[PDB]
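Student: Sharing a structure here in structure tokens format.
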């Protein structure tokens, strides 16, 4: 009955209703423990029932994700706690995130941007608004990947996407340091929609740049080239912040 | 003995129920025809809540009755 | 045959006749293995195309369609949904599936006149609800509008009242403008359109036009129509327009001239709608007291005043002093 009213509550036009329903989704799937290989604590006997319940809830989340910005923000905020209290669903969650990553990460390393401003932002009649914060996507991806690399791999057919994600972020690192303001059309305020989308893009590139700083500092283990990349990336962020100021 | 079930938005449903039947049979028939589950929906007649587990003969149901249907959750 | 071969390889046991289709594995397992098999099979476009061709060839028979569209059965030593819903769950096959469904639907328009067993379009709309993701909002909009244009009053009404579940997030604005065009064109189906406009997400600026059009006709609508219209009006108002619409609707009340058992049932439905609206929409609640205090005699207003005293504890002493 609870899941029925939640799924019935998904399509309500009220924003608070949607956010409430999604938070309920994440909380309930967080609390139901998958008995197979879940990592400790901080457990119904029907383990397969739990597994299929969690997977259909994840399909509902796949329905959820294509929605307005606040729902997506709450979703990516809560996936880390979901992964912490439930480990097996990570094998789906990252793939779902990877799908979102594949919705914006171009495959060619020759191509300059890792973000398409048109798809990222909700272009719509007589107004402009956010659709999907890519900085928060990278944030959630980094935290989930770091958690898995720190916990499950040492604790231990389908492993390849993990290093692919690293490669993806590595490519998102490189292209970004080689990037410039000309690609993003920078150097814009609430006077016009053009300035509004440019400001939103400025916030997004700042966020994903600092999340790339997080990633590069995490994986480098103090290499000179990696810290040079960190310095160049942070210099890009600093000039972006100065331009916004 | 036909009865008109009037859902929200003015939709009409024609459905046959004998006088000896009960409200549980009515809800089961509604599920059979419309697909709405029985426990979710709710029926009202003469602006009075249909008490579950009681025969419709107690209520003043006659030929060409009008029973108004309301669903607690939107869209079933 | 290749469609049936892939289907039976996927583990779902097709069962003709009275017996419904059996699930060897779970729903999600069927989806995963079918998607993996289709992805890893050679000639992905050709295998997908001949899968669609075999599906539409198999579904020609009436018994095949009737057993296919019904809910499946779980075969174990969970709850079972229809295999067509499983097919909708796979993203890659969705446009082929919806094209097949909506080209099949005009065949059963005549069937709707004579089918006493089960209503085919009602069921089809039932399976088409609660989907995962809209592959193409434009295709859904065109298909829905085609059904609106061609289908009779009952079927068009049915798809209209099913509209919020069918549509995703993307198609709200264009479909809203087009159904407002239908409101301008036609009057019979206006009330369900008011219902979905209340349910669907639209901005206040677009809602202003329908609000202006429908406020004129509020004084000339029967009692059976009224509660969903006032549901739309109360749930489609801004923060500043509260007093104006409250005074206008209280002035344009039809209960004075309207007031069988259906009438009293409709009146309690009006009051239940008012209870739902007042309980959370605080600005509307306070604007009601402010509007009537500015007015400083209607019985309907007095009953609304009583229930407002009953429900909102915060207005207890204030409404006592106002009374």
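Here chain A follows Swiss-Prot, giving residues 516-557, 573-686, 694-724, 729-786 in order.
Yeah, the Cβs are placed from backbone N, Cα and C, and that goes for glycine too.
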Student: Which candidate in A:708, A:730, A:761 appears in Swiss-Prot with the annotation phosphoserine?
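Tutor: The candidate carrying the phosphoserine note in Swiss-Prot is A:730.
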Student: Look up A:523, A:545 in Swiss-Prot and give me whichever carries the note ubiquitin cross-link.
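Tutor: My reading of Swiss-Prot gives A:523.
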Student: Quick test of understanding: given the recorded positions A:523, A:556, A:730, name the ones whose C-beta is under 8 angstroms from chain B.
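Tutor: Of A:523, A:556, A:730, the entries that lie near chain B are A:523.
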Student: Can you check which residues sit near residue A:556 (phosphoserine), meaning Cβ under 8 Å from its Cβ, same chain, 6 or more apart in sequence, and list them in order?
Tutor: A:615
Student: Helix, strand or coil: which one is residue A:523 (ubiquitin cross-link) in, per DSSP?
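Tutor: It is helical.
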Student: When you measure from the Cβ of residue A:730 (phosphoserine), how many other Cβ atoms are you left with inside 10 Å?
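Tutor: Around the Cβ of residue A:730 (phosphoserine), 9 other Cβ atoms lie within 10 Å.
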Student: Please report the DSSP secondary structure of residue A:556 (phosphoserine), reduced to three states.
Tutor: coil
